[PDB]
Amino acid sequence: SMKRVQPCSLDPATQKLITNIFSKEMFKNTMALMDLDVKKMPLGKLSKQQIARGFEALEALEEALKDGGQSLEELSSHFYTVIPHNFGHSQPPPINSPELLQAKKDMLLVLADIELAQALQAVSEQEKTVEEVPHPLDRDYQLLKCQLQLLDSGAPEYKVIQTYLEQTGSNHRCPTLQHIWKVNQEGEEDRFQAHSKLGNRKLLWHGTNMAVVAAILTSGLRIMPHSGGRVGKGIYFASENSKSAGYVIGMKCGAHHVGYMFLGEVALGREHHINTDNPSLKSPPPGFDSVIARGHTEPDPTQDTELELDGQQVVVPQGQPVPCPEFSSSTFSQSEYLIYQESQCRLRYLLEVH
Ligand SMILES: C[C@H](NC(=O)CCc1nc2ccccc2c(=O)[nH]1)c1ccncc1
């Protein structure tokens, strides 16, 4: 017997978000942008086991990069058998540098979040038995187990957020704000409440691939094995939208280029400032709660405002970037804010930008 499809409860902006973040085209586009062979690795055939074997192949590579073992070519060949790549049916390149090794680790981290979105969408057994089903976009929204509320022009934080975006985004081609959603991923709450005595909270940008937005909404921002960067194995944020916007992988839709950026409330506590790269960091030093790789510039601190979120004051920058003479010789043009516990960040807002 035919099941009834119930009417969609979502507003238009939210329907479009949910369509974009679960789009098979979007996922396959992302895979093509990462040089993956989507014909040999279709979305539905992606598996946790395959991804795990990929990381094992890169771990073997890493060890070889640091005795009569297998050549980098032989070990690369093994990786590429596990994770098929496409380079116009030429040979794929040997993974023979720290930079390329990490680029492959980053590709697998994105692919793991694509696989997470696919597994999330699997039809449960209850759903096969119930006689009415939600509209597909309500179903997909519900799988996130994450409350999203579209804001309008006169939500109390709307102009504050807009100002943060405009004042710290690129001067010439600033991203155009389309929508803001407030994000409440429940049961971030409990772990985040742990740090309630920790002051020094700031609302910070996290730009991302469209392909990992569903994963982030479901699971929060995470520190994954194999993740890394100029400040080590943590979660990375920026006070300058323009820094985070560089990590936005958008998608062409009609005449526009659509992307997503998060704002997270980050309990930074006592900050350790650095001015040179340290990719080997796994934690702040003792008695510190965060590491800030300090940039040549910072949003003018004299213009900081605050929002009140769950009864805590959260600093929100509102100033254009100004020079910080004390970090004029830093290896970082713009600051990178690092935490090394997933509990120190709570997702607060999601922005669609064109
Ligand atoms: C490989 C990919 N990387 C990113 O999403 C990086 C995002 C990002 N990095 C930053 C680094 C410094 C300052 C700001 C940012 C930022 O806003 N986003 C990824 C990492 C971990 N899980 C899934 C995907």
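Index from 1, following the sequence. We count ligands from 1, going down the list as the structure has it; atoms in each ligand are counted the same way.
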Next item on the list: Say whether, by atom type as modelled, one donor and one acceptor occur between the side chain of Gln312 and the main chain of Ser196 under 3.5 angstrom.
Entry: yes
Note to self: Using side-chain heavy atoms (C-beta onward) and a distance below 4.5 Å, is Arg346 in contact with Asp310?
What the structure shows: yes
Checklist line | Residue pairs passing the salt bridge (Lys or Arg N to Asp or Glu O under 4.0 Å) test where at least one lies in residues 103-120, sequence neighbours excluded | finding: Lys48-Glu115, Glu62-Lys105, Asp113-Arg222
Item checked: Heavy-atom pair of closest approach, residues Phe237 and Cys345 -> CZ-SG, 3.5 Å
Note to self: Once salt bridge (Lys or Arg N to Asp or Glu O under 4.0 Å) is applied, what residue pairs with a partner in residues 67-76 remain, sequence neighbours excluded?
What the structure shows: none
Taking only distance into account, with no hydrogens and no angle test, what donor-acceptor pairs under 3.5 Å do side-chain atoms of residues 24-36 form with protein atoms, sequence neighbours excluded?
{"unit_1": "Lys24", "atom_1": "NZ", "unit_2": "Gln118", "atom_2": "OE1", "d": "3.4"}
{"unit_1": "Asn29", "atom_1": "ND2", "unit_2": "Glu25", "atom_2": "O", "d": "3.4"}
{"unit_1": "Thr30", "atom_1": "OG1", "unit_2": "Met26", "atom_2": "O", "d": "2.9"}

For each nitrogen or oxygen atom of ligand 1, which protein N/O atoms lie closer than 3.5 Å, and how far apart are they, rounded to 0.1 Å?
{"unit_1": "ligand 1", "atom_1": "17 (O)", "unit_2": "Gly207", "atom_2": "N", "d": "2.8"}
{"unit_1": "ligand 1", "atom_1": "17 (O)", "unit_2": "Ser244", "atom_2": "OG", "d": "2.7"}
{"unit_1": "ligand 1", "atom_1": "18 (N)", "unit_2": "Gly207", "atom_2": "O", "d": "2.7"}

